[PDB]
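*Asks:* Quick one: structure below, then a few questions.
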Amino acid sequence: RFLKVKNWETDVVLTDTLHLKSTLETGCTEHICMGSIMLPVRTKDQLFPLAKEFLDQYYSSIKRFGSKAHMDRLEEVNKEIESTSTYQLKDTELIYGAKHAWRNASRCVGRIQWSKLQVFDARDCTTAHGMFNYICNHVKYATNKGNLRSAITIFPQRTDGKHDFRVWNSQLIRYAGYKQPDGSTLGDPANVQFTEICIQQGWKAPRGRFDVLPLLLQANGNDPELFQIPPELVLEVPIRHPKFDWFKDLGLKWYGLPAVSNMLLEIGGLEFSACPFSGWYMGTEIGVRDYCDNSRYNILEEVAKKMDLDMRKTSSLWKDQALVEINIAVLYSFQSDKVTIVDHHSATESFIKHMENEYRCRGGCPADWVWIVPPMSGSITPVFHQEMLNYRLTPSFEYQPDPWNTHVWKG
Amino acid sequence: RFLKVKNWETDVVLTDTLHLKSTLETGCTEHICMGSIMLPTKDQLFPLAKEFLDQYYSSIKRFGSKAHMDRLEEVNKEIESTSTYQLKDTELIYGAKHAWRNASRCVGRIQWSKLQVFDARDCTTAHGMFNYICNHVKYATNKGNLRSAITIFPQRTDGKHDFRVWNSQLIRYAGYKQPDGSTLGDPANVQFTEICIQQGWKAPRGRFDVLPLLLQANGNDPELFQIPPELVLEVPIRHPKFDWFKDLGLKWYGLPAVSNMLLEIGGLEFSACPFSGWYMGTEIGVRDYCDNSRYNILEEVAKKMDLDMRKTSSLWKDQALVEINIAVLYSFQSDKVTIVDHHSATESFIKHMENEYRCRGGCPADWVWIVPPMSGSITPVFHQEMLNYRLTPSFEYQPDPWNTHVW
Ligand code: HEM
Ligand code: HEM
Ligand SMILES: Cc1cc(N)nc(CCc2c(F)ccc(CCCN(C)C)c2F)c1
Ligand SMILES: Cc1cc(N)nc(CCc2c(F)ccc(CCCN(C)C)c2F)c1
Ligand SMILES: C[C@H](O)[C@H](O)[C@H]1CNc2nc(N)[nH]c(=O)c2N1
Ligand SMILES: C[C@H](O)[C@H](O)[C@H]1CNc2nc(N)[nH]c(=O)c2N1
Ligand SMILES: [Zn+2]
């Protein structure tokens, strides 16, 4: 079968055949679409078909499908699976798997970069201190004095699910949040639960509005341990506005390196439960979501006050006015400090080019419109007008439950 | 199978049981989600009639009553005999209101029960259709205190006698391809503007020419009619801060009235059913004015604002966009024409959703269409999970008539 997607701004029509290689479920049925739902242990039984499929993909990409190396590798993985119940990826396969998990991430607007990913093999790690050292080197390499470089560090794969490697942080760099007795929140409200865990584990919290959280690292299913990222490795950007000199007095900053650390990387049926990856920000992640979500820092009111907008009626669009100015300030500050950032116009335009290229060279590009379209100015970016097919390919990044809900504490 | 939807801004969780009553299909499968795709006989009819009558008599608390069974019997006998059937006035009103209630892409549905239904099923000619449409337009406009309305022309019979309004909206601006290569007026309507000229219209070739009506009764050739200008309420667009904004020469019309959809009630098909409500500001300010394939005025507004259009990262488009949408709301409000900003309308829809989940067990909703095309995440609907499914009675798309008309 062939499926067509249409861009309703340009009338470009693209034909998807890649969806035929989709295995996992979407959550939708013929009778209900779960397209806007946020969130829609493995034996030798199912593992070799998952392995074989990945290895067929791998050897096809290197133009070696059917070769002796291909057949021998399948043979080697088969015996290793029956002998040991799992298998180990070659370095080349790990690199390929990690790049394609990013390439397959249908919610990621930044995938034009998928092939320039620095893969750090951390599968020889055994302890939380070792994890901290790998993560520090990741942070230093990826930050690169503001000239950000995409990187992923891959810790040992799951075995029996009782010895998991986990980074308990959702992101490697993230600000603490503190629930005050009066009900207000100091810092990032999205991080209150994790902040409280860190404090319980012995973190001495500064209790400021932009405290970089400690790393909480779990090696081999042991209880997690706390580590402070060297501050010299944490690049931060004070937020000022190019016209509004009072904007700096809001006291805002953000960190430069977005590094997701709580997802699971699936490659050939293997599960990498600790695989922190990082790229660079699209401005709206900070300016729109982090700063202006009602349940995040929520600065719209105070910004709109300082701008002296008509805040009595929503139809003055005072929220939309402030939102743009905040987002100008984020992009201005990062560029002024020469820290890599991309605005939503550039990023969406690149994604369209990437997506068209993928359809031509690959037969498709799974894309989740709900997530691709930026959270401001949606229809003046070209992704808004682009029809997209969402389906799940492997290798893939998957969600996993927060470890404090599953972890069996040693004491 | 009893599904939950979470609002991630408020953690409010709603349980959806209404989706199990869904009938038609979404276009999605377990292998592929098509959520962002724009457009995915006597034996067929009586189950459709029975399903609708069942929900109707349940809605009036007479399910399983003699009146229910008799009507089921009566319609059953009518389909057996005439191969179709006719809705009582009460069922037609209920069916139309519920087609709006079920429009999963409509953010305005909190108003669904206050719909004025104009029964036009006695209409036989395009002139008669014109008369019904002028009355609709005048009633709905109401001197700018807009009121929701639908006018329902006779139902499809053998598909050769279809009633169709060829316009996509009762009121829309013409589009002309210039010899110069550009487009004057609304580019979205260039093709329809051609068919009006091809059928005899005398185009003023302006930037905001109200298109004439192209009305088709009983499958005959469509006929041109000019809506009385005194019935077409328009709002000149000025900014409450930029005096130069008036010189852009922008106006829009007050009455959004979709005329090309198909209303399905109890298996019956109403191919001509223009309905109207009132605008959300962003439809005009974001889509009509700022889409690249439409009036596409961002450049000119940004220039007048003297924004730095050298780099996208100055967010000059975003700044201009906000101001254009401030002007649209300000202009409609100042002229006392009903309009709703995207903040109010999405807040109302959240309240509507909660109302529907409480009193109905669900609300089918299409996130891709419900979230406004600007400032998405600062509106509550962005953080609202939504289940999309197809309920009937429903509004449906249909082929453009010129592609089908046996001339
Ligand atoms: C290099 C620059 C990058 C940019 C500009 C970018 C942009 C984005 C944005 C804006 C989102 C939406 C996230 C949100 O709203 O919270 C996203 C999602 C995502 N990104 Fe990228 N990204 C980049 C790099 C990467 C890399 C290096 C990876 C992995 C190796 C990655 C994997 C993902 C995944 C898996 C998601 C979806 C998360 C989910 O499924 O919920 N991205 N990306
Ligand atoms: C009264 C105020 C109303 C408001 C503010 C409103 C708002 C909207 C908006 C913004 C859209 C997206 C349309 C687009 O972007 O082109 C929409 C879609 C829609 N509206 Fe409403 N609407 C209203 C009244 C009505 C009425 C009275 C009906 C029918 C009786 C209706 C039926 C629909 C349908 C069927 C769609 C989706 C069409 C599709 O499936 O693609 N609306 N509405
Ligand atoms: C690598 C990278 C680049 C970039 N531009 N931004 C980020 C942070 C955003 C982001 C992702 F991308 C991917 C995943 C998550 C976690 C999702 C959290 N959700 C469910 C509330 C994320 F929060 C990371
Ligand atoms: C009754 C009403 C209220 C309001 N606020 N706006 C409108 C016009 C938008 C609109 C709809 F709502 C419903 C349907 C269409 C047609 C769809 C056009 N698509 C496919 C480009 C529409 F274009 C109509
Ligand atoms: C309910 C809805 O699915 C949820 O709010 C989604 C919408 N789209 C998004 N898109 C991005 N990029 N990031 C998000 O967190 C979300 N949230
Ligand atoms: C491709 C995509 O489905 C298309 O651009 C949609 C997106 N969401 C929309 N939402 C609304 N309200 N109106 C639209 O026309 C569209 N267009
Ligand atoms: Zn779907």
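Ligands are numbered from 1 in the order shown, residues from 1 within each chain, and chains are lettered A, B, ... in the order they appear in the structure tokens.
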Write out as a tab-separated table a residue-level contact list of chain B versus ligand 7 with cut-off 9 Å: for each qualifying residue the closest pair of atoms and the distance in Å to one decimal, counting only C-alpha atoms and all ligand atoms, rows sorted by chain and residue number upward.
*Replies:*
residue	atom	partner	partner_atom_place_in_ligand_line	distance
B:26	CA	ligand 7	1 (Zn)	7.3
B:27	CA	ligand 7	1 (Zn)	7.4
B:28	CA	ligand 7	1 (Zn)	4.7
B:29	CA	ligand 7	1 (Zn)	7.0
B:30	CA	ligand 7	1 (Zn)	8.2
B:32	CA	ligand 7	1 (Zn)	6.9
B:33	CA	ligand 7	1 (Zn)	3.5
B:34	CA	ligand 7	1 (Zn)	5.0
B:35	CA	ligand 7	1 (Zn)	4.5
B:36	CA	ligand 7	1 (Zn)	8.2
B:388	CA	ligand 7	1 (Zn)	7.9
*Asks:* Would you export the selected residues with N, CA, C and O atoms as a PDB file, in the first residue's frame, please?
*Replies:*
ATOM      1  N   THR B  26     -12.341   6.597  11.845  1.00  0.00           N
ATOM      2  CA  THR B  26     -11.474   7.766  12.006  1.00  0.00           C
ATOM      3  C   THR B  26     -10.461   7.935  10.884  1.00  0.00           C
ATOM      4  O   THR B  26      -9.967   9.050  10.680  1.00  0.00           O
ATOM      5  N   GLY B  27     -10.155   6.877  10.142  1.00  0.00           N
ATOM      6  CA  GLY B  27      -9.017   6.869   9.255  1.00  0.00           C
ATOM      7  C   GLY B  27      -7.750   6.326   9.878  1.00  0.00           C
ATOM      8  O   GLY B  27      -6.831   5.938   9.147  1.00  0.00           O
ATOM      9  N   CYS B  28      -7.685   6.265  11.206  1.00  0.00           N
ATOM     10  CA  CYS B  28      -6.536   5.706  11.906  1.00  0.00           C
ATOM     11  C   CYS B  28      -6.632   4.190  11.987  1.00  0.00           C
ATOM     12  O   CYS B  28      -7.703   3.599  11.862  1.00  0.00           O
ATOM     13  N   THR B  29      -5.488   3.563  12.214  1.00  0.00           N
ATOM     14  CA  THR B  29      -5.401   2.163  12.604  1.00  0.00           C
ATOM     15  C   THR B  29      -4.444   2.062  13.785  1.00  0.00           C
ATOM     16  O   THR B  29      -3.857   3.058  14.223  1.00  0.00           O
ATOM     17  N   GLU B  30      -4.286   0.845  14.311  1.00  0.00           N
ATOM     18  CA  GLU B  30      -3.286   0.628  15.350  1.00  0.00           C
ATOM     19  C   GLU B  30      -1.875   0.806  14.817  1.00  0.00           C
ATOM     20  O   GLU B  30      -0.950   1.008  15.608  1.00  0.00           O
ATOM     21  N   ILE B  32      -1.091   3.144  12.176  1.00  0.00           N
ATOM     22  CA  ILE B  32      -0.816   4.485  11.673  1.00  0.00           C
ATOM     23  C   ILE B  32      -1.912   5.447  12.118  1.00  0.00           C
ATOM     24  O   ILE B  32      -3.112   5.174  11.973  1.00  0.00           O
ATOM     25  N   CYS B  33      -1.490   6.579  12.671  1.00  0.00           N
ATOM     26  CA  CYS B  33      -2.399   7.623  13.097  1.00  0.00           C
ATOM     27  C   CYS B  33      -2.497   8.657  11.991  1.00  0.00           C
ATOM     28  O   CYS B  33      -1.479   9.179  11.519  1.00  0.00           O
ATOM     29  N   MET B  34      -3.721   8.948  11.578  1.00  0.00           N
ATOM     30  CA  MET B  34      -3.967   9.928  10.534  1.00  0.00           C
ATOM     31  C   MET B  34      -4.561  11.204  11.102  1.00  0.00           C
ATOM     32  O   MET B  34      -5.248  11.944  10.395  1.00  0.00           O
ATOM     33  N   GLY B  35      -4.270  11.489  12.375  1.00  0.00           N
ATOM     34  CA  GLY B  35      -4.878  12.615  13.062  1.00  0.00           C
ATOM     35  C   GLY B  35      -4.671  13.967  12.402  1.00  0.00           C
ATOM     36  O   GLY B  35      -5.447  14.893  12.661  1.00  0.00           O
ATOM     37  N   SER B  36      -3.640  14.115  11.569  1.00  0.00           N
ATOM     38  CA  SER B  36      -3.340  15.400  10.946  1.00  0.00           C
ATOM     39  C   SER B  36      -3.694  15.437   9.465  1.00  0.00           C
ATOM     40  O   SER B  36      -3.291  16.370   8.765  1.00  0.00           O
ATOM     41  N   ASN B 388     -10.666  11.752  19.641  1.00  0.00           N
ATOM     42  CA  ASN B 388     -11.387  12.056  18.423  1.00  0.00           C
ATOM     43  C   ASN B 388     -12.098  10.803  17.932  1.00  0.00           C
ATOM     44  O   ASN B 388     -11.481   9.740  17.781  1.00  0.00           O
TER      45      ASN B 388
END
*Asks:* Pull the closest atom pair for each residue of chain A that gets at most 6 Å from chain B, along with the distance in Å to one decimal, counting only C-alpha atoms, ordering rows by chain and then ascending residue number, as a tab-separated table.
*Replies:*
residue	atom	partner	partner_atom	distance
A:9	CA	B:293	CA	5.9
A:25	CA	B:30	CA	5.0
A:26	CA	B:30	CA	5.1
A:27	CA	B:30	CA	5.9
A:28	CA	B:30	CA	5.1
A:29	CA	B:29	CA	4.7
A:30	CA	B:25	CA	5.2
A:31	CA	B:25	CA	5.0
A:32	CA	B:389	CA	4.8
A:33	CA	B:388	CA	5.0
A:34	CA	B:387	CA	5.8
A:35	CA	B:35	CA	5.7
A:36	CA	B:385	CA	5.5
A:37	CA	B:385	CA	5.3
A:315	CA	B:341	CA	5.6
A:343	CA	B:313	CA	5.5
A:375	CA	B:376	CA	4.9
A:376	CA	B:375	CA	4.0
A:377	CA	B:374	CA	4.1
A:378	CA	B:373	CA	4.9
A:379	CA	B:373	CA	5.0
A:387	CA	B:37	CA	5.3
A:388	CA	B:36	CA	5.9
A:389	CA	B:34	CA	5.8
A:390	CA	B:33	CA	5.1
A:391	CA	B:32	CA	4.8
*Asks:* Can you pull out every residue from range 182-379 of chain B that DSSP, working from the backbone, puts in strand (DSSP E), and format the result as an MDAnalysis selection string?
*Replies:* chainID B and resid 183:185 213:216 223:225 234:236 251:253 257:258 262:265 268:270 275:276 279:280 339:340
*Asks:* For the selection just defined, write its residues with C-alpha atoms to a file, as an mmCIF file, in the first residue's frame.
*Replies:*
data_model
loop_
_atom_site.group_PDB
_atom_site.id
_atom_site.type_symbol
_atom_site.label_atom_id
_atom_site.label_comp_id
_atom_site.auth_asym_id
_atom_site.auth_seq_id
_atom_site.Cartn_x
_atom_site.Cartn_y
_atom_site.Cartn_z
ATOM 1 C CA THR B 183 -3.352 37.313 -7.002
ATOM 2 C CA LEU B 184 -5.871 40.053 -6.223
ATOM 3 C CA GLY B 185 -8.302 39.432 -3.384
ATOM 4 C CA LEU B 213 -24.341 33.171 -4.515
ATOM 5 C CA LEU B 214 -24.302 30.203 -6.914
ATOM 6 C CA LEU B 215 -27.404 28.231 -5.964
ATOM 7 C CA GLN B 216 -28.469 24.821 -7.284
ATOM 8 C CA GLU B 223 -27.927 30.413 -10.689
ATOM 9 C CA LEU B 224 -26.134 33.603 -9.691
ATOM 10 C CA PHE B 225 -27.609 35.918 -7.059
ATOM 11 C CA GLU B 234 -18.476 44.228 7.197
ATOM 12 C CA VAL B 235 -15.902 45.548 9.668
ATOM 13 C CA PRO B 236 -13.152 47.937 8.524
ATOM 14 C CA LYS B 251 -11.845 44.745 6.083
ATOM 15 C CA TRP B 252 -13.605 41.483 6.798
ATOM 16 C CA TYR B 253 -17.206 40.311 6.929
ATOM 17 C CA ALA B 257 -21.471 30.883 7.248
ATOM 18 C CA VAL B 258 -20.244 27.542 5.921
ATOM 19 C CA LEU B 262 -23.288 17.792 4.098
ATOM 20 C CA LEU B 263 -25.562 17.263 7.099
ATOM 21 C CA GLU B 264 -26.373 13.609 7.841
ATOM 22 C CA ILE B 265 -29.307 12.834 10.159
ATOM 23 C CA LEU B 268 -30.784 11.122 5.479
ATOM 24 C CA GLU B 269 -28.426 13.408 3.559
ATOM 25 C CA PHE B 270 -28.866 17.189 3.435
ATOM 26 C CA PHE B 275 -24.862 27.201 8.918
ATOM 27 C CA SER B 276 -23.395 30.240 10.608
ATOM 28 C CA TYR B 279 -15.893 34.352 14.270
ATOM 29 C CA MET B 280 -12.999 33.516 16.490
ATOM 30 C CA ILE B 339 -16.399 38.051 17.914
ATOM 31 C CA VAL B 340 -14.536 35.840 20.361
#
*Asks:* Between A:218, A:340, A:396, A:88, which residue has the minimum interatomic distance to residue 267 in chain A, considering only C-alpha atoms?
*Replies:*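 Smallest distance to residue 267 in chain A is found for A:396.
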*Asks:* Name all residues at most 7 Å from range 116-127 of chain B (count only C-alpha atoms; drop same-chain ones fewer than 6 positions away) and give them as an mmCIF file with N, CA and C atoms, in the first residue's frame.
*Replies:*
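Full text of part35.cif as output:
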data_model
loop_
_atom_site.group_PDB
_atom_site.id
_atom_site.type_symbol
_atom_site.label_atom_id
_atom_site.label_comp_id
_atom_site.auth_asym_id
_atom_site.auth_seq_id
_atom_site.Cartn_x
_atom_site.Cartn_y
_atom_site.Cartn_z
ATOM 1 N N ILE B 93 -34.692 19.462 14.098
ATOM 2 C CA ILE B 93 -34.019 20.401 14.990
ATOM 3 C C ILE B 93 -33.002 19.672 15.867
ATOM 4 N N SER B 148 -26.487 32.109 15.988
ATOM 5 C CA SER B 148 -26.221 30.878 15.259
ATOM 6 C C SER B 148 -27.451 30.416 14.503
ATOM 7 N N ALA B 149 -27.244 29.949 13.274
ATOM 8 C CA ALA B 149 -28.383 29.485 12.500
ATOM 9 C C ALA B 149 -27.945 28.468 11.461
ATOM 10 N N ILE B 150 -28.870 27.584 11.113
ATOM 11 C CA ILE B 150 -28.734 26.689 9.975
ATOM 12 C C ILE B 150 -30.041 26.726 9.195
ATOM 13 N N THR B 151 -29.928 26.709 7.868
ATOM 14 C CA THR B 151 -31.063 26.565 6.964
ATOM 15 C C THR B 151 -30.874 25.251 6.229
ATOM 16 N N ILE B 152 -31.892 24.397 6.262
ATOM 17 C CA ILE B 152 -31.786 23.033 5.755
ATOM 18 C C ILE B 152 -32.683 22.894 4.527
ATOM 19 N N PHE B 153 -32.055 22.718 3.369
ATOM 20 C CA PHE B 153 -32.761 22.519 2.117
ATOM 21 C C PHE B 153 -33.106 21.045 1.936
ATOM 22 N N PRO B 154 -33.969 20.713 0.966
ATOM 23 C CA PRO B 154 -34.475 19.338 0.869
ATOM 24 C C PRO B 154 -33.364 18.300 0.769
ATOM 25 N N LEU B 215 -26.443 29.092 -6.641
ATOM 26 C CA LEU B 215 -27.404 28.231 -5.964
ATOM 27 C C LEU B 215 -27.965 27.202 -6.934
ATOM 28 N N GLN B 216 -28.002 25.948 -6.490
ATOM 29 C CA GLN B 216 -28.469 24.821 -7.284
ATOM 30 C C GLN B 216 -29.627 24.146 -6.563
ATOM 31 N N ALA B 217 -30.806 24.184 -7.174
ATOM 32 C CA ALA B 217 -31.986 23.513 -6.656
ATOM 33 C C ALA B 217 -32.320 22.311 -7.529
ATOM 34 N N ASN B 218 -32.632 21.192 -6.872
ATOM 35 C CA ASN B 218 -33.152 19.990 -7.522
ATOM 36 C C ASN B 218 -32.258 19.519 -8.668
ATOM 37 N N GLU B 223 -27.562 29.065 -10.276
ATOM 38 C CA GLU B 223 -27.927 30.413 -10.689
ATOM 39 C C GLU B 223 -27.228 31.438 -9.810
#
*Asks:* Using only C-alpha atoms and all ligand atoms, which protein or nucleic acid residues are at most 7 Å from ligand 2, as an mmCIF file with N, CA and C atoms, in the first residue's frame?
*Replies:*
data_model
loop_
_atom_site.group_PDB
_atom_site.id
_atom_site.type_symbol
_atom_site.label_atom_id
_atom_site.label_comp_id
_atom_site.auth_asym_id
_atom_site.auth_seq_id
_atom_site.Cartn_x
_atom_site.Cartn_y
_atom_site.Cartn_z
ATOM 1 N N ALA B 96 -29.945 18.502 13.782
ATOM 2 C CA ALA B 96 -29.025 19.580 13.422
ATOM 3 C C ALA B 96 -28.209 20.040 14.621
ATOM 4 N N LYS B 97 -28.856 20.204 15.779
ATOM 5 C CA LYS B 97 -28.120 20.623 16.964
ATOM 6 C C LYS B 97 -27.068 19.592 17.332
ATOM 7 N N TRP B 100 -23.935 19.638 15.143
ATOM 8 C CA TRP B 100 -23.011 20.623 15.684
ATOM 9 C C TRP B 100 -22.360 20.103 16.960
ATOM 10 N N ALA B 103 -19.461 17.893 16.187
ATOM 11 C CA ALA B 103 -18.418 18.351 15.270
ATOM 12 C C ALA B 103 -17.101 18.420 16.035
ATOM 13 N N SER B 104 -16.328 17.337 15.983
ATOM 14 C CA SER B 104 -15.169 17.229 16.876
ATOM 15 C C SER B 104 -14.110 18.301 16.623
ATOM 16 N N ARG B 105 -14.168 18.991 15.485
ATOM 17 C CA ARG B 105 -13.216 20.036 15.153
ATOM 18 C C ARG B 105 -13.693 21.427 15.533
ATOM 19 N N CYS B 106 -14.885 21.564 16.127
ATOM 20 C CA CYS B 106 -15.478 22.874 16.381
ATOM 21 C C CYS B 106 -15.222 23.265 17.830
ATOM 22 N N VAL B 107 -14.444 24.339 18.030
ATOM 23 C CA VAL B 107 -14.179 24.857 19.372
ATOM 24 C C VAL B 107 -15.374 25.609 19.934
ATOM 25 N N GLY B 108 -16.333 25.977 19.091
ATOM 26 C CA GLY B 108 -17.445 26.818 19.482
ATOM 27 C C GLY B 108 -18.640 26.079 20.041
ATOM 28 N N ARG B 109 -18.507 24.777 20.282
ATOM 29 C CA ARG B 109 -19.669 23.950 20.540
ATOM 30 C C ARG B 109 -20.323 24.196 21.886
ATOM 31 N N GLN B 111 -22.106 26.514 22.510
ATOM 32 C CA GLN B 111 -23.344 27.141 22.056
ATOM 33 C C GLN B 111 -24.284 26.176 21.337
ATOM 34 N N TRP B 112 -23.978 24.879 21.335
ATOM 35 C CA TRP B 112 -24.600 23.967 20.377
ATOM 36 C C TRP B 112 -26.111 23.911 20.522
ATOM 37 N N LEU B 115 -29.058 26.765 18.724
ATOM 38 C CA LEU B 115 -29.011 26.877 17.277
ATOM 39 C C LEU B 115 -30.415 27.132 16.744
ATOM 40 N N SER B 148 -26.487 32.109 15.988
ATOM 41 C CA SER B 148 -26.221 30.878 15.259
ATOM 42 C C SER B 148 -27.451 30.416 14.503
ATOM 43 N N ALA B 149 -27.244 29.949 13.274
ATOM 44 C CA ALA B 149 -28.383 29.485 12.500
ATOM 45 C C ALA B 149 -27.945 28.468 11.461
ATOM 46 N N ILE B 150 -28.870 27.584 11.113
ATOM 47 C CA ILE B 150 -28.734 26.689 9.975
ATOM 48 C C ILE B 150 -30.041 26.726 9.195
ATOM 49 N N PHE B 275 -24.775 26.864 7.506
ATOM 50 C CA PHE B 275 -24.862 27.201 8.918
ATOM 51 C C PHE B 275 -23.866 28.306 9.249
ATOM 52 N N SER B 276 -24.159 29.044 10.312
ATOM 53 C CA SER B 276 -23.395 30.240 10.608
ATOM 54 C C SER B 276 -23.323 30.394 12.111
ATOM 55 N N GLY B 277 -22.226 30.986 12.579
ATOM 56 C CA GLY B 277 -22.185 31.392 13.964
ATOM 57 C C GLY B 277 -21.532 32.746 14.057
ATOM 58 N N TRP B 278 -20.408 32.840 14.771
ATOM 59 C CA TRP B 278 -19.632 34.072 14.787
ATOM 60 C C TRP B 278 -18.158 33.689 14.835
ATOM 61 N N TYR B 279 -17.305 34.642 14.482
ATOM 62 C CA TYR B 279 -15.893 34.352 14.270
ATOM 63 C C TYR B 279 -15.131 34.228 15.582
ATOM 64 N N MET B 280 -14.116 33.372 15.570
ATOM 65 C CA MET B 280 -12.999 33.516 16.490
ATOM 66 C C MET B 280 -11.963 34.395 15.806
ATOM 67 N N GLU B 283 -9.312 33.145 13.128
ATOM 68 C CA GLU B 283 -9.684 32.737 11.775
ATOM 69 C C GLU B 283 -9.372 33.841 10.768
ATOM 70 N N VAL B 340 -15.105 36.420 19.154
ATOM 71 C CA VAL B 340 -14.536 35.840 20.361
ATOM 72 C C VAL B 340 -13.031 35.660 20.158
ATOM 73 N N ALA B 345 -12.565 31.620 23.727
ATOM 74 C CA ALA B 345 -13.220 30.495 23.065
ATOM 75 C C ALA B 345 -12.651 29.158 23.531
ATOM 76 N N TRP B 369 -7.396 20.587 15.256
ATOM 77 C CA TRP B 369 -8.238 21.714 14.853
ATOM 78 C C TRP B 369 -8.636 22.625 16.009
ATOM 79 N N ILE B 370 -8.721 22.091 17.229
ATOM 80 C CA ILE B 370 -9.229 22.869 18.354
ATOM 81 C C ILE B 370 -8.188 23.870 18.840
ATOM 82 N N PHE B 395 -21.889 16.690 10.500
ATOM 83 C CA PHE B 395 -21.534 17.425 9.297
ATOM 84 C C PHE B 395 -20.352 16.731 8.643
ATOM 85 N N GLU B 396 -20.419 16.589 7.330
ATOM 86 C CA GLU B 396 -19.425 15.870 6.560
ATOM 87 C C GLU B 396 -19.002 16.726 5.378
#
*Asks:* Based on DSSP run over this structure's backbone, return all residues of range 7-180 of chain A in helix (DSSP H, G or I), as a VMD selection string.
*Replies:* chain A and resid 18 to 21 44 to 61 68 to 84 91 to 103 111 to 113 128 to 146
*Asks:* Rounded to one decimal, what separation in Å do you get between CA of residue 248 in chain B and atom 8 (C, counted along the ligand's line) of ligand 4?
*Replies:*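 That distance, rounded to one decimal, is 23.3 Å.
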